[PDB]
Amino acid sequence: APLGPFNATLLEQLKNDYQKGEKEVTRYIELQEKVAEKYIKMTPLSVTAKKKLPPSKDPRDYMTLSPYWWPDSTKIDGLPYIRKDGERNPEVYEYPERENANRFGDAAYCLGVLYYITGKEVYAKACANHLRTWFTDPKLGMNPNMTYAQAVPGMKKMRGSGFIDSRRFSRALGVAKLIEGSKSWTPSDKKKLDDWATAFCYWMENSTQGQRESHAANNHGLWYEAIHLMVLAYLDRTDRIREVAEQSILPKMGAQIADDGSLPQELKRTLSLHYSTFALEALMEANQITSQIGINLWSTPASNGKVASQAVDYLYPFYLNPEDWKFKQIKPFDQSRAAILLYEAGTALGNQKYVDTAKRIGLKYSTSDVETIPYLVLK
C-alpha cells in the first residue's frame, strides 16, 4: 500500500482477502459499501459555506472558535473571552468549518479506502469530487493555512493552538494517495493537490503559528507532528519523515513521558484520561506512517531512553477499569478508543495482552465510524 494515514498491514490484508473472495472479508466489505453509498450521494462541502467572515474577508480562510473560551458575562460586550478547561462553548457550532471538516474527512477517507480495497471506480470518482471541492477548487477550495483556526474573540495575541484542527482534513489529504491512477483522479488533479500540499507544508513550517505549534509541550506538539507526517507522506518526503521522527517526535515523547509512564502535561487537565489517550493517539497515527518506512514509534527510545510503551503501560489498568482513574475526568471516557490504541500498540510491541484486551473491548461490527474500517480484526 502507498504511504498514508492508515494501518497499511490491515488495509493490505483486507484488499488481498477481498480480491481472493474470502467470505468473511467479502461480507464485511459489502456492509462497508452499503455504509458508503451515502458518501457517494453526499454533496461536497466547502470551507466557504459561512456567513460570518474571518478578519481576512476571505471565505476560503478556515476559521473556528477555540472550544474552551466563553464570553465574559461581566463585560458589556463579553470580551475578552475567558477559558473554562474541558467545557465546550456551543458557539463553536456557529463556525460551519468545525463539523464540515469532520464530515469531509470521513467521506474522503471512506471513499478512498473502499476504492483501494475494491478497485471500483465509483469510490475514486466520489472521493475525487470531495477532495477537489475542499482542497483545490479556485473558488470553493480552502486556502492552505490555519491562520484563524480556533480564534479567540478579544485576545490580542496570535495563537497557533488551532492547528490541531488540521487533523480532520490532513487524513483526507493522505487518503488521496489511494486514488492516484484511477480514471477519475487525473494527473492535473494530482498536480493541483500536490501544489496545495506543498503550500500548506510551507505554512506549517514557516508561519509563526506553525513554528509555535511545532514547539508545543503537550499533545498539541505530538498532533502537530502527526499532521506534519501526513502532509510529508502525501508529498513522498520520506527523508523528511525520518528527520521529523528523530528530531521532533522522539524528543517530545521523551520530555512529555514521566519516569512512571504518566503524561504530566495531560494529568493536570480536567479531562486527564481523555487527553492522555489523545496524546497516545497522536503517536499512534504518526506511527502508522513511520512504521511503513521501518521506524516503530512505540518502541524506539528517546535520547533519555524513554519509550511510548511506558505510557501505554501506565494507562492499561485504567483502560481495563476506567473507574480506577484517580485524576480529574469530568466527562465519561469512551473505552472504544482503547480498542484501536491497544491494538496498534499491541501488535507494534508483540504484547499479546494488549491485543487480547483490544479484542475483548472490541468494536461493534456494523459501526459507520469510518476510522474503524480497517479493523475487522476487532469486530
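One rule holds for the numbers: they count along the sequence shown, beginning at 1.
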*Select between 323 to 331 and 337 to 345 the stretch whose C-alpha atoms have the higher average B-factor in the entry.*
323 to 331
_Candidate residues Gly105, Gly160, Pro144, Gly78, the one whose C-alpha B factor the record puts highest_ = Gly78
_Candidate set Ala199, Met155, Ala172, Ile227 [ranked by C-alpha B-factor, highest]_ = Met155
*Where the record places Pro317 (Cα B-factor, split into thirds across the chain)*: highest
*Going by what the PDB entry lists, where does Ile29 fall on CA B-factor within its chain: lowest, middle or highest third?*
highest
*Mind checking which third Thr74 falls in for C-alpha B-factor across the chain?*
highest
*Among the modelled residues of its chain, does the C-alpha B-factor of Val47 lie in the lowest, middle or highest third?*
lowest
*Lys183, C-alpha B-factor rank within chain (lowest, middle or highest third)*: highest
